[PDB]
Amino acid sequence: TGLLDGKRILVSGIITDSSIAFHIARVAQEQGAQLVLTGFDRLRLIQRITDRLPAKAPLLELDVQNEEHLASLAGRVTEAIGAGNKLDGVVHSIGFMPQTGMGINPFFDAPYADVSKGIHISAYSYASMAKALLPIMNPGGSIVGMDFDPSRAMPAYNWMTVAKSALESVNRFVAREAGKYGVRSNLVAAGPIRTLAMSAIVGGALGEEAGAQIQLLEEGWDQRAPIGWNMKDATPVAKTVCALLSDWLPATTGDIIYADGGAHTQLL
């Protein structure tokens, strides 16, 4: 019946009901998955948000910079999905970059302490989550992270672009470790979706250029995509993540699937 019937999937990265992770979780539950959710910092807000999902799911705290949270994560997941069950899926939908690393702030003025924090959250944590969770994943399972194509430089995305390049490389190594467990690791490179991070982090760092943000995104994506691109509709991205979590891409690992309307295949 549903694409993910019977699968136990962890989903990180929900902060609002616009979050990519919110929509991944919604679609996964519509397709019969049983979820465990993780959230950072504003756990009361996150709980109110996840109440809007179609089904209850337990919520665990995870700040990927906190060693204790990572060291206790598998134990807390095992208790949430029922002792002795394992995960079939893990979704990393997590990122951060300080303001100095984005927007109109000059590229060269971001101090390394800020850039390092962003790389820790946005790239290294894909490895740390895999490390914590692989021992409790079933053969045939799937780890998925969110990418935004960093193969070319661009306005404003700045040091987050560098973090995404690092993430891509990390994914290919995670795939080598995950393969010993019969598990796949892949990224979904999504087109732009209107999320809290889009507005507050990228749009914030733009200051008076945020009108231009929309136009840049329409030029980069909707205009180039042969099938178009709607930044207000996260469903196509969520579906693509669900396809990777399913049994229907069983020979794809260390890889990147582009859910961007085909924009990255067209020059203009």
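Start at 1 with the first residue shown and count on from there. If you superpose the two forms and keep the largest set of C-alpha atoms that fall within 1.5 Å, you have the rigid core.
- For the pair 43-51 and 220-228, greater average C-alpha departure from the shown form in 8 other deposited structures of this protein after core alignment is found in 220-228.
- After a core fit, the C-alpha atoms in 8 other deposited structures of this protein lie farther on average from the shown form in one of 82-90 and 115-123, namely 82-90.
- Here the stretch with the larger average CA B-factor, out of 144-152 and 176-184, is 176-184.
- Relative to one another, 253-261 and 6-14 have unequal mean CA B-factors, and 6-14 is the one with the higher figure.
- Of the candidates 125, 93, 171, 78, it is 78 whose Cα B-factor is highest according to the PDB record.
- When the Cα B-factors of 167, 130, 193, 136 are read from the PDB record, 136 comes out highest.
- Among the modelled residues of its chain, residue 105 has a C-alpha B-factor that falls in the highest third, as given in the PDB entry.
- In the PDB entry, a CA B factor belonging to the highest third of its chain's modelled residues is recorded for residue 34.
- Looking at the C-alpha B-factors along this chain, the one for residue 223 belongs to the highest third.
- The PDB entry assigns residue 237 a C-alpha temperature factor belonging to the lowest third of its chain's modelled residues.
- Per-chain ranking of the deposited C-alpha B factor places residue 243 in the lowest third.
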